[PDB]
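Note sheet for the following structure.
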RNA sequence: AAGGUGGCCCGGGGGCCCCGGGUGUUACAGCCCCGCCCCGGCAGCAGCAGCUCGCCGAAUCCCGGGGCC
RNA sequence: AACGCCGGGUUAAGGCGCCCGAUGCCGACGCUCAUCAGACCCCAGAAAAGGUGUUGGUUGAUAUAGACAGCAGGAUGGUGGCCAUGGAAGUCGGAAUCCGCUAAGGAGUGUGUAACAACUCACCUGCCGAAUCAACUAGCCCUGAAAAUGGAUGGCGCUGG
RNA sequence: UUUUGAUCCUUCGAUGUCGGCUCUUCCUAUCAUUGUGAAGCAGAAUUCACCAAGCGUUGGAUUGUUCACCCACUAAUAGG
Ligand SMILES: [Mg+2]
Ligand SMILES: [Mg+2]
Ligand SMILES: [Mg+2]
Ligand SMILES: [Mg+2]
Ligand SMILES: [Mg+2]
Ligand SMILES: [Mg+2]
């Protein structure tokens, strides 16, 4: 039950390769397994790129199938995609992933202490709730 | 000739050297697809040898240059004419591929001829390469792509980085 | 070649249609060509008859729509077994002649029935033969001294019924169609004017 | 080659009320229900439109082998509609030369005893499939009538009785005995 | 000129708006080619918009890390 | 590729699922399903001829001014065509093979006929609406392919290899 | 490769050389049986072909004979 379709104008997130972590629009189709791609505002050159590597989102900035890079830059700024991106939850769990790699040892210790406490509180409240449901039953 | 990596296109010209009979022989140009100027010069000599009274020793090569793609970001539909040797017999072809560059296309031809006919690279001679317009394109695999509102999904998505866990709990999904 | 004969059809269709502006869209349904030659022999000089490929008429008429709009109403009319009957001489006499002229051909064991088909009571015209074809159905047939005689009259086929071979055989023997193969009128057309 | 796309629509009438859990289809109406699993086939079955007037069935990136599975579905669904609305009457006449075949029905048209076939002492206790109603017609001497919704089950049970009454070691071109299917039709016409 | 954008006509989906189909040449979307404006003019340049395509260093040098003796 | 006894580095021909050191590359493009599949010089075994299995090619006809199936209806007129002959009246031989309505109708595919009858054929109207048809060629697979202790792509096994 | 021939790599300080008897297992290119297709197959009888080798395939006169020929029963008196 397909929801996202490869349509000229659709935005894709680059999984791996040289241009990792970058957003980019599908300009055109060559064949079954190879497409013309360009992302002017994110510092990615006009180039070929196979569908294998990419994984498409639910945004479709509108432009003609052969439109030269000018009209794309204007349409991109016009829609203001980058901000809606940063609003998406996706990017947030990406930044979390990265902060977790960046995790310092001192922060790691402060975090362990925070966990320890937050979980003792939860344990207390949950046990009172279970006795409460028994009280409700009784 | 092994077609390693991806070909270039080279503009070779050459001639027979002067003689007392004829002081200024005519120049001859070709369009060699080849990885480098060394194998280019060799193949040039083979074709000239097939057509004209001319060897490498009796002559000299005047100029070998690389020739760039003058329109590399436009997409094109190339039309190739062939000449191949079967196990038994020889046969002419006309084949249409859909690529951006002459070199990328010629590569794709080599790989297709290899798949579909087990034709080894040495047997094959390239005789004409013409960029051809969508109107004049005959083959339906090409013809189907000329449509403004092309649309298709990615249905079954085989996983890559299979071994990076090698051992998980959750069975992997492939539907998004 | 077929491409040039079609363009030739376009060469007939444009000259007669531009010069003559008046057609009787009659329908030559299952009529034979020998019967057609007798009707053409009747309307040889005065009338000019036409059939053809439906799309051949579609584009010849779409070409006509730029110059003469009179054939705009013809596009839907060439449907069913339909053909044009161009005519200059007179309209009512050719309409009555075209509706009349039908040669009674053999009865078809298979086509649909518009109305009831009938089988009158009449002798077979043979010696001692197999009575099972008539007595299978339900018709009184007696052996009037050797020769078979029919007692009672019964109507076999009703409105909209497939004509079997057995029920077909007596019409094939008589060679007398209840309704003749023919040419059915659709609409009259006089210089951009429809007649029902 | 890999054909980018094929599809084919079936415009259904308003009487029927289909629904689907993915591939498994369910169809209800007057005569009853009909489920049918397609999990082996791998296609997109979109049920679009108000008044449920049409089914559409996509098939992305198919080769010659995979294109054949579209129209086969279209037809299986259409026959399913016939089975729910109208049903299926399979007629079949008992042909014989000399020895008459004494037929009798057991279990309200579920089972069929067939005696005195070629004067054989063996007797053929043929069992019909579930959801099938055997019945001897009236106003006809040699006439079975098999009624039901599913054409598959009906027709298989027909062939069961047909191949059950088969002449072994004999010239079949001459000995033209046994039951044979004559007229396939429906219970109520349309 | 067209892999046809707005306009026009037909449908099909809603009660002015959305989706298919048909002509057609810029109109509130574009593409293609020739000529003339100091190779039209401006940075930058085999481009850290860290991989659009190469061959090289008397036209090239520096720093760091591991192993063995 | 040629050797005195050793430490370190790098290579050749071969290879990199596990046995068995090495890809646990996010490697690139394609073909193929086998109720006897296939797997690397010398090598330890198989062919001519087929295939509406399938993938490509060539040539020649057909196509939007719109076929080819399909269902139906006609499915035939000069005419018993002349020469042969005995008769070719559509259906040994042999000469014939032009015309008509035309949407199309042969001096005729079969059953059945010395030729008609009866059933039946090429050819076209009705609806139908885009691509269709014929002959060749080479690629993989299959058929063609039978022997004796229980048995061998090196084994295990392998079908997004 | 169950005939026959062509060859000489192995063994001549020795591999016991023809037939019959007895006994096991094995191959299938199916003689018969089981199931089925095709016949110039009406039934009977008889021919051709597919799956299939699990179970059967004799008693005697003459000849050292293997082989050959014959009498008698049989469902069958197939081959290695
Ligand atoms: Mg190894
Ligand atoms: Mg020796
Ligand atoms: Mg010894
Ligand atoms: Mg000894
Ligand atoms: Mg065998
Ligand atoms: Mg018998």
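Here chain A follows Swiss-Prot for its numbers: 2-139, in order, are the residues you see.
Keep in mind that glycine also has a Cβ here, set from the backbone N, Cα and C atoms.
So that you can see what the record holds, here are the features copied from Swiss-Prot:
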{"type": "CROSSLNK", "residues": "A:124", "note": "SUMO2 cross-link"}
{"type": "MOD_RES", "residues": "A:79", "note": "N6-acetyllysine"}
{"type": "MOD_RES", "residues": "A:85", "note": "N6-acetyllysine"}
{"type": "MOD_RES", "residues": "A:85", "note": "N6-succinyllysine"}
{"type": "MOD_RES", "residues": "A:139", "note": "phosphoserine"}
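Structure coloured by features recorded in Swiss-Prot.
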residue: A:79; record: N6-acetyllysine; DSSP (3 states): helix
residue: A:85; record: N6-acetyllysine; DSSP (3 states): helix
residue: A:124; record: SUMO2 cross-link; DSSP (3 states): helix
residue: A:139; record: phosphoserine; DSSP (3 states): coil
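Here the Cβ of residue A:124 (SUMO2 cross-link) has 9 other Cβ atoms within 10 Å, regardless of which shown protein chain they belong to.
Taking a Cβ cut-off of under 6 Å from any atom of ligand 6, none of the modified residues A:79, A:85, A:139 qualifies.
It is 12 Å from the Cα atom of residue A:79 (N6-acetyllysine) to that of residue A:85 (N6-acetyllysine). Between the residue listed as 'SUMO2 cross-link' and residue A:85 (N6-acetyllysine), the C-alpha separation comes to 38 Å. For residue A:85 (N6-acetyllysine), other Cβ atoms within 10 Å of its Cβ number 10. In this structure, the CA atom of residue A:139 (phosphoserine) is 52 Å away from the CA atom of residue A:85 (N6-acetyllysine). Here the modified residues are A:79, A:139, and the one ringed by the most other CB atoms within 10 angstroms is A:79.
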